[PDB]
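Under our numbering, the first residue of the first sequence is numbered 133, with each subsequent residue one higher.
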Amino acid sequence: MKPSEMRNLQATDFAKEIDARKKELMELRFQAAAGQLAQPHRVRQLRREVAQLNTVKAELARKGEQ
RNA sequence: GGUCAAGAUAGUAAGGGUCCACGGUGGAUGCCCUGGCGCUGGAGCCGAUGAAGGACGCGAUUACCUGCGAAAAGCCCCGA
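Following this line, the structure appears as structure tokens:
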């Protein structure tokens with residue numbers, strides 16, 4: 133989610149922890165339009181995760197090279 | 001009482017007038033402020049690591065605005 137158990141992983145996993153959510157974030161987005169989205173928040177969350185799932189990855193891009 | 005004659009005179013308002021009562025219209029007036037004006041002082045550059053100012057977007061529902069910008073009404077960190 134954010135702690136040292138987020139970065140904890142592989143760069144590729146970051147992607148996996150990305151390209152998988154936006155796979156949920158889709159089926160969700162579909163549901164909505166199809167009517168049944170009972171997890172309005174899920175959306176916002178899943179989303180918020182992807183944010184972190186990059187901000188971090190991005191924090192590395194400078195720590196270990198400057 | 002009456003009839004006849006001669007006189008005189010009022011009343012009704014279709015509509016109007018003045019005044020009062022009560023209303024409608026309309027926004028003056030008074031009180032108020034979520035908005036302005038001036039002077040004093042403070043502060044005084046921004047931009048190819050891409051401005052100024054904008055287009056299209058982001059929301060469970062979003063047309064206007066606001067904040068942002070696909071990491072999209074927000075993401076990390078430090079403090080409070």
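Quick reminder that beta carbons are idealized off the backbone N, C-alpha and C, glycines included.
Exercise for the section: With a threshold of 16 other CB atoms inside 10 Å of the CB of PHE146, please say whether the residue is buried or exposed. Expected result: buried
Problem - Helix, strand or coil at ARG194 [DSSP, three-state] - result: coil
Handout entry: Neighbour-count burial assignment, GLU149, 16 or more Cβ in a 10 Å radius
Key = buried
Exercise for the section: Output the distance between the C-alpha atoms of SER136 and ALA170, rounded to the nearest integer angstrom. Expected result: 31 Å
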